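Here is how names work: the chains are called A, B, and so on, in the same order as the sequence lines, proteins then strands, and each is numbered from 1. Values below: all heavy atoms of this structure, side chains included; hydrogens, waters and symmetry mates excluded.
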Amino acid sequence: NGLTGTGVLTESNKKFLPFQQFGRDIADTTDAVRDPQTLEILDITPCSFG
Amino acid sequence: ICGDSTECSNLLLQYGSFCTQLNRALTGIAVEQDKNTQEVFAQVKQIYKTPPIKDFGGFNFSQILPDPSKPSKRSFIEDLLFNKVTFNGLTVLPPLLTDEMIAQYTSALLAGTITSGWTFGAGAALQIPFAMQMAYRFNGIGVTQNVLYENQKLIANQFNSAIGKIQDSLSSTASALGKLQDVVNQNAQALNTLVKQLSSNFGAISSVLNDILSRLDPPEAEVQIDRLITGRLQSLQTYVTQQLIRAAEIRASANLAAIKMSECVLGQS
Amino acid sequence: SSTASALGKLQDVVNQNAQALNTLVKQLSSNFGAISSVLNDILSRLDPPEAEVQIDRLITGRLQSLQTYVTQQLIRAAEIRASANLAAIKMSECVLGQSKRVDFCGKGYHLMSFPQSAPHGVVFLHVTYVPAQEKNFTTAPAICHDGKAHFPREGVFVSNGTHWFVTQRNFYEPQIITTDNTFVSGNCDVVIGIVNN
Amino acid sequence: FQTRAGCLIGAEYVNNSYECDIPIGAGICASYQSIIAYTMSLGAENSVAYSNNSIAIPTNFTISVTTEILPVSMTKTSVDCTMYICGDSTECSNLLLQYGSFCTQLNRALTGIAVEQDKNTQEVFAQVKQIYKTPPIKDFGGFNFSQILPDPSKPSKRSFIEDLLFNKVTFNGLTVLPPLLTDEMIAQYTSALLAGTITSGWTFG
Ligand SMILES: *[C@@H]1O[C@H](CO)[C@@H](O[C@@H]2O[C@H](CO)[C@@H](O)[C@H](O)[C@H]2NC(C)=O)[C@H](O)[C@H]1NC(C)=O
Ligand SMILES: *[C@@H]1O[C@H](CO)[C@@H](O[C@@H]2O[C@H](CO)[C@@H](O)[C@H](O)[C@H]2NC(C)=O)[C@H](O)[C@H]1NC(C)=O
Ligand SMILES: *[C@@H]1O[C@H](CO)[C@@H](O[C@@H]2O[C@H](CO)[C@@H](O)[C@H](O)[C@H]2NC(C)=O)[C@H](O)[C@H]1NC(C)=O
Ligand SMILES: *[C@@H]1O[C@H](CO)[C@@H](O[C@@H]2O[C@H](CO)[C@@H](O)[C@H](O)[C@H]2NC(C)=O)[C@H](O)[C@H]1NC(C)=O
Ligand SMILES: *[C@@H]1O[C@H](CO)[C@@H](O[C@@H]2O[C@H](CO)[C@@H](O)[C@H](O)[C@H]2NC(C)=O)[C@H](O)[C@H]1NC(C)=O
Ligand SMILES: *[C@@H]1O[C@H](CO)[C@@H](O[C@@H]2O[C@H](CO)[C@@H](O)[C@H](O)[C@H]2NC(C)=O)[C@H](O)[C@H]1NC(C)=O
Ligand SMILES: *[C@@H]1O[C@H](CO)[C@@H](O[C@@H]2O[C@H](CO)[C@@H](O)[C@H](O)[C@H]2NC(C)=O)[C@H](O)[C@H]1NC(C)=O
Ligand SMILES: *[C@@H]1O[C@H](CO)[C@@H](O[C@@H]2O[C@H](CO)[C@@H](O)[C@H](O)[C@H]2NC(C)=O)[C@H](O)[C@H]1NC(C)=O
Ligand SMILES: *[C@@H]1O[C@H](CO)[C@@H](O)[C@H](O)[C@H]1NC(C)=O
């Protein structure tokens, strides 16, 4: 929904209130989204490097 | 700086070899940290053990000797200390020595100093009963050893009570470990502000490379990318310099700690 | 003579200085966003009105590089000064005298030291004394005689199984116990470990 | 194999425990036999025979000589602001003029560093007030200092060990200034200190 980025998407157990769309933790980095077509909380994790 | 943008990578390619130096500095810092720990703790050649029967003339080292029941093999005071104090291209490497190895070094040092005295710091450890080692240590501050043997029980009780009080003072009163705490806080603050700095506009049209790339043609997209690049390079250099200063300070503290270990633990000062 | 790589610290200092100087030299061959890394060409190719812009790019890049080099030099100088202060203290305390602080110069009991010079530093030869060939003995903290306690003036009481001697604390040299190397203090009813002799 | 540090390919983990050879991390490291990896062994293991009426007294001794190496100085360098960042161009100099006095500060800093280096060497070595000499006949109770005392044969005034040490280790606006004290002077200080400590003891300090 216009919020772009890369990473791996997993299932998450967070609980947004009925009007948020996504989340962030500290330094304002997105780490959870709600898919519009299902209204369930996903989870974003950057894919590995080293 | 780039975050997987080929255009950004090519643009940054022509800024010389700043990044090799930037990586070399951090690598040197990490190796220095490992050396610091090594030279502070690895003062002994063998791993001494304390005998099962513990009759040290009435003294009581239970609160300091390791407890085998616990899985960390730590001691009571060490447990109190450990309980009391508490990705965008960033990596954290693990220290070479684990906490169990450090606790084993500490246990070896303390068992050697209980059982042999100062002799294990020079050559091979030589055993001697604890009471007549404290007699030697009284002899080293101008009191005849006489005085020790005629007040042994009183001295042992005073020592035990002092240990109890230090236990209670640590266990109840907080804010006694500000140094390690604010070292951790300073490092966290530095990383936090470095990460937050990526949201700065720096005088460009936006703070995200994808928008600039997909908003307008290359010719001035290059100018905007250049603005972002110079801002982020400035931030990174500032971070690295502050890290080097703090590393020098920590190294000074580590050298002082090594000297204190060598002089006040392996001998009488 | 045989083993190499034993002089790591001085070699590392030399290599660090050489690397810093080399990268400073090589940084001259970069563009920093201009059209060329050579000044004469951009002077001789295009209209000055924008040549000032290109030259400004070069100027700011090279100032940045120079400033970074200077700061690194300052940090390294502070570290070397700390090392030199330590070396001066070691020379003062272990060459001009005999030290008591443990392991400050040499592992063992310090006897003396000798200095030698090296291309950018000093090499101390510490001569120390190390005991060896231990042995077992039985000990007691005092001796009861005529109801009086006796303590050794200097030494420690030992026994080889049948007789009791007093020795020094770092070299086995037994001597007969005599009223001249021991002193008396009180009756022996309060000392834990007294033996009769 | 798999580790806390990461994933390791081309090595075989073993249950043994030797001294650490190539530190891999998180408490493990590797060596060659093929290539093997293992967990560090902090050292040997002994239990000293404590008892409340037993001591151990040495009966013999040994004398040991060990080395310790310290750096005291680095090369003194200086850099020409203008000829570096401009390369003999009038326009570059004119443009640089309006930046204020930046590289005056740089030259000041480098000068301070060089002066500091000279001070470092002066403090380390100039510990004596005179220049003592060793007597021609050398009977130090059977001790033998020949490898350490300088020999007049070679035209270097350096000793055997000093020669081994000196053999073991080996412009675009930048200049290197020579140190104030030449190497023969430093060798003379070391010889003075060493003759003084051989003949007088600690009294001359
Ligand atoms: C959006 O559309 C989807 C699909 O068109 C709807 O999905 C429904 O999902 C439930 C649960 O799996 C099914 O029982 C329905 O049959 C689905 N409907 C259809 C039309 O397929 C979804 O409900 C719609 N609304 C939201 C808010 O997602
Ligand atoms: C050393 O001190 C500890 C106290 O920390 C003693 O442990 C106590 O022992 C008594 C009797 O055995 C118990 O009633 C307490 O509950 C113990 N306290 C703890 C915290 O365990 C220990 O006994 C002392 N050492 C010796 C040899 O007596
Ligand atoms: C302990 O030391 C004493 C002192 O030397 C030993 O006693 C001497 O033993 C020799 C050898 O038999 C005799 O010639 C001497 O006459 C003994 N001394 C006296 C005063 O009688 C003793 O043998 C040693 N014991 C052990 C177990 O080493
Ligand atoms: C060492 O001390 C004395 C030396 O004569 C002796 O102990 C005495 O033993 C007798 C016999 O039982 C008692 O009547 C005395 O009261 C004891 N003396 C004292 C001071 O109590 C014996 O040779 C040795 N005793 C011990 C305990 O080692
Ligand atoms: C001093 O005596 C003790 C007790 O006999 C020695 O300790 C034991 O020595 C035997 C060798 O005869 C070993 O097999 C045991 O493992 C030792 N026990 C412990 C707990 O270490 C000790 O070695 C003797 N000291 C010497 C010979 O210097
Ligand atoms: C050293 O050992 C203990 C204290 O560590 C004491 O000796 C005890 O003496 C009683 C009776 O006198 C015996 O029943 C014990 O078996 C002894 N214990 C041991 C470990 O030997 C005493 O303080 C010291 N002297 C002796 C001879 O043991
Ligand atoms: C102390 O150690 C020294 C060094 O090993 C011993 O000297 C040795 O003695 C044996 C027998 O006399 C000779 O074969 C060796 O050549 C000697 N070594 C050297 C380096 O000269 C000395 O004997 C030991 N002390 C005692 C009392 O035995
Ligand atoms: C001090 O040690 C040196 C060893 O470097 C001795 O010099 C050797 O002496 C022997 C016997 O005269 C010669 O065969 C060697 O060729 C000498 N070595 C060198 C490098 O010249 C010296 O003799 C010893 N001092 C004394 C007084 O004997
Ligand atoms: C090594 O240790 C593991 C873990 O205890 C054990 O399962 C194994 O049998 C041991 N021996 C070998 C040869 O792996």
- Query: Is the number of heavy atoms from other residues, nucleotides or ligands under 6.0 Å of D:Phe171 CZ greater than 12?
  - Reply: no
- To the nearest 0.5 Å, what is the distance between CG (B:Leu13) and SG (B:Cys2)? 10.0 Å
- Query: Got more than 12 heavy atoms from elsewhere within 6.0 Å of NZ, B:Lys260?
  - Reply: no
- Message: Could you walk me through whether B:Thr193 and B:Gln189 satisfy the side chain to side chain contact (heavy atoms under 4.5 Å, CB included) test, starting with their C-alpha distance in whole Å, then the side-chain angles of each, then the deciding distance to 0.1 Å, before giving a yes or no?
- Response: CA-CA 6 Å; B:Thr193 185; B:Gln189 215 55 42; 5.9 Å; no
- Message: How about CD on B:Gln181, more than 12 heavy atoms from neighbouring residues, nucleotides or ligands closer than 6.0 Å, or not?
- Response: yes
- Query: Should the pair D:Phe102 and D:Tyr99 be assigned to parallel (<30°), tilted (30 to 60°) or perpendicular (>60°) ring geometry?
  - Reply: perpendicular
- Message: Ignoring hydrogens, what is the shortest heavy-atom contact between C:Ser99 and C:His110? Give both atom names and the distance.
- Response: N-ND1, 3.5 Å
- Query: Just how far is it from atom NZ of D:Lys157 to atom CG of D:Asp151, taken to the nearest 0.5 Å?
  - Reply: 7.5 Å
- Item | Under 3.5 Å donor-acceptor, B:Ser262 side chain and C:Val102 backbone | yes
- Task: Check whether any side-chain heavy atom of B:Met261 lies under 4.5 Å from a side-chain heavy atom of B:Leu109, and answer yes or no.
- Result: yes
- Partner set under side-chain hydrogen bond (donor to acceptor under 3.5 Å, both in side chains) for C:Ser117, not counting sequence neighbours: none
- Query: Mind checking whether D:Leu181 and D:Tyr189 have side chains closer than 4.5 Å, heavy atoms only?
  - Reply: yes
- Query: Out of curiosity, C:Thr71 OG1 to B:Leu244 CG, how far, rounded to the nearest 0.5 Å?
  - Reply: 10.0 Å
- Item | Backbone of C:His126 reached by a side-chain donor or acceptor of C:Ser113 within 3.5 Å | no
- Message: Main chain of C:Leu96, side chain of D:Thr197: is a donor-acceptor contact present, judged purely on distance under 3.5 Å?
- Response: no
- Query: Side chain of D:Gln105, backbone of D:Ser101: donor and acceptor closer than 3.5 Å?
  - Reply: yes
- Task: Return the set of residues passing side chain to side chain contact (heavy atoms under 4.5 Å, CB included) with B:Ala122 (not counting sequence neighbours), or none when no residue passes.
- Result: C:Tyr109
- side chain to side chain contact (heavy atoms under 4.5 Å, CB included) between B:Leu233 and C:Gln64, worked out: CA-CA 11 Å; B:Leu233 266 171; C:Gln64 214 43 58; over 6 Å; no
- Message: Does atom OH (C:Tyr129) have a neighbourhood of more than 12 heavy atoms from anything else shown, all under 6.0 Å?
- Response: yes
- Item | Partner residues of D:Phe204 under the ring pair (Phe, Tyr, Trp, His ring centres under 6.0 Å) criterion, sequence neighbours left out | D:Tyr132
- Item | Closest heavy-atom pair and its distance - D:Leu106, C:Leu66 | CD1-CD2, 4.0 Å
- Message: With a 3.5 Å distance limit and no angle check, can you tell me whether C:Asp56 reaches the backbone of C:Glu52 through a side-chain donor-acceptor pair?
- Response: no
- Message: Other residues, nucleotides and ligands only: do more than 12 of their heavy atoms fall within 6.0 Å of CD on B:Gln14?
- Response: yes
- Item | Close side-chain approach of D:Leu42 to B:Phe41, heavy-atom, < 4.5 Å | no
- Would you name the heavy atoms of D:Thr121 and D:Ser73 that are closest together and state the gap between them? OG1-CB, 3.9 Å
- Message: If you apply the rule side chain to side chain contact (heavy atoms under 4.5 Å, CB included), what do you find for B:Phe202 with B:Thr230, and how did you get there?
- Response: CA-CA 9 Å; B:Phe202 283 132; B:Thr230 178; over 6 Å; no
- Task: Classify the side-chain pair D:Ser146/D:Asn144 by whether it contains a donor and acceptor separated by less than 3.5 Å.
- Result: yes
- Between D:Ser191 and D:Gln188, is there a donor-acceptor pair closer than 3.5 Å when you use the side chain of the first and the backbone of the second? no
- Between CG of C:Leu58 and CG of C:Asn31, what distance do you get to the nearest 0.5 Å? 8.0 Å
- Message: Are there over 12 heavy-atom neighbours, none belonging to C:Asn15, within less than 6.0 Å of that residue's CG?
- Response: yes
- Query: Where do D:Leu96 and C:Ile59 come nearest, in terms of heavy atoms and distance?
  - Reply: N-CD1, 4.2 Å
- Is there any salt bridge (charged side-chain N to carboxylate O under 4.0 Å, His left out) pair reaching into residues 94-121 of chain C, and which pairs are they, with sequence neighbours excluded? B:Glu263-C:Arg101, C:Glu93-C:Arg101
- Got D:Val65 and C:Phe114 here, is their nearest side-chain heavy-atom distance under 4.5 Å? no
- Is there a side chain to side chain donor-acceptor pair (under 3.5 Å) between C:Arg57 and C:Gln54 once you walk through the steps? CA-CA 5 Å; C:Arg57 315 288 309 288; C:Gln54 316 293 315; 5.3 Å; no
- Message: Any heavy-atom pair between the side chains of C:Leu125 and D:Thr67 that's under 4.5 Å?
- Response: yes
- What residues, two or more places apart in sequence or in another chain, satisfy side-chain hydrogen bond (donor to acceptor under 3.5 Å, both in side chains) together with D:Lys76? D:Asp118
- Message: I'd like to know if the side chain of C:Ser29 and the backbone of C:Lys26 have a donor-acceptor N/O pair within less than 3.5 Å.
- Response: no
- Task: Could you tell me whether D:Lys154 atom NZ has more than 12 heavy atoms of other residues or ligands within 6.0 Å of it?
- Result: yes
- Query: Can you check side chain to side chain contact (heavy atoms under 4.5 Å, CB included) on D:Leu110 and D:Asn107, steps first, answer last?
  - Reply: CA-CA 5 Å; D:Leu110 274 296; D:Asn107 291 120; 5.7 Å; no
- The side-chain hydrogen bond (donor to acceptor under 3.5 Å, both in side chains) partners of D:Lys138 (sequence neighbours excluded) come to none
- Query: Is the count of non-hydrogen atoms from other residues, nucleotides or ligands lying under 6.0 Å from B:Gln242 atom CD greater than 12?
  - Reply: no
- Item | Test item: C:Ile42 and C:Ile55 side chains (from C-beta on) under 4.5 Å apart, heavy atoms | yes
- Sub-3.5 Å donor-acceptor pair from the side chain of C:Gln98 to the main-chain atoms of C:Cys94, do we have one? no
- Query: With a 4.5 Å limit on heavy-atom distance, are the side chains of D:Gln117 and D:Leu180 in contact?
  - Reply: no
- Item | Short side-chain to backbone donor-acceptor contact, D:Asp80 and D:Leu174, under 3.5 Å | no
- Note on the structure: When rounded to the nearest 0.5 Å, the distance separating OH of D:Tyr84 from OG of C:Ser65 is 4.0 Å
- Task: Check whether any side-chain heavy atom of B:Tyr239 sits under 4.5 Å from a side-chain heavy atom of B:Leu191, and report yes or no.
- Result: yes
- Distance col, row D:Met74:CE vs C:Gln16:CD, nearest 0.5 angstrom, shows 10.0 Å
- Message: To check you understand the geometry: which heavy-atom pair defines the closest contact between D:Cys29 and D:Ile22, and what is its length?
- Response: CB-O, 3.1 Å
- Locate the shortest heavy-atom distance separating C:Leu39 from D:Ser89; write the atom from each residue and the value. CD2-CB, 3.8 Å
